[PDB]
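Peer 1: I would like the atomic coordinates for the input below:
(chains A and B)
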Amino acid sequence: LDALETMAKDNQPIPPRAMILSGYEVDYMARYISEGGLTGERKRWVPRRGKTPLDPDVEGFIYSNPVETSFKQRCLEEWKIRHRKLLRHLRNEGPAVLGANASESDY
Amino acid sequence: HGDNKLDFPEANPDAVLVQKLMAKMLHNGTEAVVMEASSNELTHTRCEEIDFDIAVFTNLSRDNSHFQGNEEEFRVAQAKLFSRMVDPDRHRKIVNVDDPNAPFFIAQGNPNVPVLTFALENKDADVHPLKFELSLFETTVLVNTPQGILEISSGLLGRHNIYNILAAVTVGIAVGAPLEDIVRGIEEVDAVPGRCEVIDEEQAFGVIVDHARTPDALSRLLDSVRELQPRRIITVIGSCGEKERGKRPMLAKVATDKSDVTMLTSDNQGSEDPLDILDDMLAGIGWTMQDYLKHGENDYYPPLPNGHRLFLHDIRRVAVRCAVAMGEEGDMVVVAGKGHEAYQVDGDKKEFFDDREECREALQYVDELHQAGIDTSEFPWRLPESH
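Peer 2: Residues are numbered from 1 along each chain as shown, chains lettered A, B, ... in the order given. And now the structure:
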């Protein structure tokens, strides 16, 4: 969000390449006229399991030579993982002074 | 004549070949011919010099609308068969009053030629099956022909097949043929080539194939199966030859909606790679094959939309072998997709391959299949002593 506020100050919009992701039919029948699996024989829609030292996902577009890690649906990660900082101090002896209390077993 | 088959040429040659084979019929001991009034045949200035004895109208449906741009052209061009009629004393009209435009079809030329009607749901017909019963392996028809009421018992399933038998007996009535000869002719055929070919090699699951060049054919067979409700439903789905990618979405939709477990194969893919063809199989209805990417021994047990089962394979031989191998007791085992096509093409290959022969062979190896068969339902199959 902090990044998005910074682009809105002077920059032009979020790049279209930065916007790519994998009731109603999620298998649409409507998109497949606009990416290649259509009347045009150039079926540019993504296949899968092509082997080779290439990328079968998109991971952005092609770049970032490592692999993309999976954020779980914008759910549990980096909030339970941030909390390790709170737990770091309590599991560490020297960084904590506290007071006298019950010797060194309160915290 | 008899049982010899002169090699079937392309869909429709010119009238030179037609009249050559007609001379063969005339001077080879034959005294009649059953001619299919194809749209291309009547369109290409052919019926002008053909004397038609009996014109039959079995069923009507809307297809190939690109050629028949308007329903008026479809109803008039197809009515040229009835317009050729000129003598209402040696010629007869067999009409389907079950369809709505039966009088409309009749009125397009010489209505004096008499009208004999067949209809099952519409009992107001000259020939009507007063009693109709259809099962997976049994079929009973008490039909009140103009001669009288007759019992027809056969394993040739299909409600449209009952309509077809009704049309046949009506045609026999047109020439005044006896009911016994009509029954003899009906029972003279037990498996029409490559269409609705029931195979029963000591099994309780009905092997059946159809032409299946359009998704509506699979849809119709699925509705017939619904009318003939078996225990478990498996349908092996072929592919599409050229870049007609708009059919397989709705095809897989009706399959997965009406089949507890589905199956796919690689029947005709002469255009592209089989992997891409298998990818295209799901393109318009609601499920994405990206899960097929992330299997990892964890996605092998999915329950597609309606909790039904997923399906994937390419080797046709193993595909049909496992399809016949699924049949446990009294279930539905469709392995259709091409019909009478006695070969197999995968992009750039041509070899011998018959679906019916492999089906009967698999029914034979069912005896070996009885030695194992744990973990049957979805995936995987055929390998015991690994749990």
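Peer 1: which non-adjacent residue is nearest residue 42?
Peer 2: No chain in the question, so chain A it is. residue A:36 (5.5 Å; Cβ to Cβ, 6 or more residues apart in numbering or on different chains). To be clear about C-beta, it is placed using only N, CA and C from the backbone, and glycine gets the same treatment.
Peer 1: the intended chain is chain B.
Peer 2: Per Cβ to Cβ, 6+ apart, closest to residue B:42 is residue B:80, 5.2 Å.
Peer 1: so who does the one you found touch?
Peer 2: Residue B:80 makes contact with B:42, B:47, B:108 under the criterion Cβ atoms under 8 Å, 6 or more residues apart in numbering or on different chains.
Peer 1: any idea how many residues pack against the second one?
Peer 2: Taking other Cβ atoms under 10 Å in any protein chain shown as the neighbour definition, residue B:47 ends up with a count of 17.
Peer 1: again, but for the last one
Peer 2: Counted with other Cβ under 10 Å, the neighbours of residue B:108 add up to 17.
Peer 1: likewise the first one?
Peer 2: Using other Cβ under 10 Å, residue B:42 is surrounded by 19 other residues.
Peer 1: what sits up against the helix or strand that contains it?
Peer 2: For residue B:42, the host element (DSSP states H and E) is helix B:39-43. Contacts to helix B:39-43, defined as Cβ under 8 Å, 6+ apart, come from residues B:11, B:12, B:47, B:64, B:67, B:68, B:77, B:78, B:80, B:81.
Peer 1: immediately after that helix, which helix or strand?
Peer 2: Where DSSP H and E defines the elements, the next helix or strand beyond helix B:39-43 is strand B:54-56.
Peer 1: list the buried residues for whatever helix or strand comes next after that next one?
Peer 2: Remark: after strand B:54-56, the chain's next helix or strand is helix B:71-77, criterion DSSP H and E. If you call a residue buried by 16 or more other Cβ atoms under 10 Å in any protein chain shown, then helix B:71-77 has these buried ones: residue B:74.
Peer 1: now do the helices in the chain.
Peer 2: Let's take chain A. Along chain A, counting by DSSP state H, helices occupy A:2-10, A:83-91.
Peer 1: not quite, go with chain B.
Peer 2: According to DSSP H, the helices that chain B contains are B:15-27, B:39-43, B:71-77, B:80-83, B:102-106, B:159-174, B:179-187, B:215-227, B:248-258, B:274-280, B:290-293, B:316-326, B:355-369.
Peer 1: pick the most deeply packed of those.
Peer 2: Sort these by mean neighbour count, taking mean count of other Cβ atoms under 10 Å in any protein chain shown, and helix B:248-258 sits at the top with a mean of 22.
Peer 1: for whichever residue of the stretch 151-300 of chain B sits closest to chain A, give its distance to residue A:33.
Peer 2: Closest residue of the stretch 151-300 of chain B to chain A, Cβ to the nearest Cβ: residue B:284 (3.2 Å). Going from residue B:284 to residue A:33 by Cβ to Cβ, to the nearest Å gives 10 Å.
Peer 1: which one of those two is surrounded by more residues?
Peer 2: Neighbour count, other Cβ under 10 Å: between residue B:284 and residue A:33, residue B:284 has more, with 21 against 13.
Peer 1: pull the contacting residues for the nearest residue to that one once chain neighbours are set aside.
Peer 2: Nearest residue to residue B:284, sequence neighbours excluded (Cβ to Cβ, 6+ apart): residue B:249, at 2.7 Å. Residue B:249 sits next to A:27, A:29, B:282, B:283, B:284, B:285 when contact means Cβ under 8 Å, 6+ apart.
Peer 1: which residue is nearest the centroid of the chain?
Peer 2: Using chain A. Computing the C-alpha centroid of chain A and ranking residues by Cα atoms, centre = their mean puts residue A:71 first, at 4.6 Å.
Peer 1: wrong chain, I was asking about chain B
Peer 2: Chain B, centroid-nearest residue using Cα atoms, centre = their mean: residue B:210 at 3.8 Å.
Peer 1: what are the phi and psi angles of the spatially closest residue to it that is not a sequence neighbour?
Peer 2: Nearest residue to residue B:210, sequence neighbours excluded (Cβ to Cβ, 6+ apart): residue B:336, at 5.0 Å. Backbone torsions for residue B:336, taken as degrees, to the nearest 10, come to phi -70, psi -170.
Peer 1: how far away is the closest residue to chain B within chain A from residue B:220?
Peer 2: Of all residues in chain A, residue A:29 sits closest to chain B, at 3.2 Å by Cβ to the nearest Cβ. From residue A:29 over to residue B:220 the distance is 22 Å, taken as Cβ to Cβ.
Peer 1: and what of residue B:339?
Peer 2: Remark: distance between residue B:339 and residue B:220 (Cβ to Cβ) = 14 Å.
Peer 1: tally of neighbours for residue 97?
Peer 2: This is for chain A. 6.
Peer 1: actually, chain B is the one I wanted.
Peer 2: Other residues lying near residue B:97 total 19 when counted by other Cβ under 10 Å.
Peer 1: for chain A, what lies in contact range of chain B?
Peer 2: Counting by Cβ under 8 Å from any Cβ of the partner chain, the residues of chain A lying close to chain B are A:22, A:24-29, A:32, A:37-38, A:41, A:43, A:47-49, A:56.
Peer 1: let's see that with 6 Å instead.
Peer 2: When proximity is defined by Cβ under 6 Å from any Cβ of the partner chain, chain A lies next to chain B at A:22, A:25, A:26, A:27, A:29, A:32, A:37, A:41, A:47, A:48.
Peer 1: got the contact list for the second one?
Peer 2: Under the criterion of Cβ atoms under 6 Å, 6 or more residues apart in numbering or on different chains, the contact list for residue A:25 reads B:285, B:286.
Peer 1: how about residue B:199, nearest residue that isn't a chain neighbour?
Peer 2: residue B:207 (3.9 Å).
Peer 1: residues contacting that neighbour?
Peer 2: Counting by Cβ under 6 Å, 6+ apart, residue B:207 touches B:199, B:333, B:359.
Peer 1: apart from its chain neighbours, what residue comes closest to residue A:29?
Peer 2: Leaving aside its chain neighbours, residue A:29 sits nearest to residue B:284 (3.2 Å; criterion: Cβ to Cβ, 6+ apart).
Peer 1: for that neighbour, give its distance to residue B:168.
Peer 2: Computed as Cβ to Cβ, the residue B:284 to residue B:168 distance reads 39 Å.
Peer 1: quick one: buried ones out of the contacts of residue B:249?
Peer 2: With neighbours counted by 16+ other Cβ under 10 Å, these contain buried members at A:27, B:282, B:283, B:284, B:285.
Peer 1: the nearest residue to residue B:44 once chain neighbours are set aside and residue B:40, how far apart?
Peer 2: Distance criterion Cβ to Cβ, 6+ apart; nearest residue to residue B:44, sequence neighbours excluded, is residue B:12 at 7.3 Å. Distance, residue B:12 to residue B:40, by Cβ to Cβ: 5 Å.
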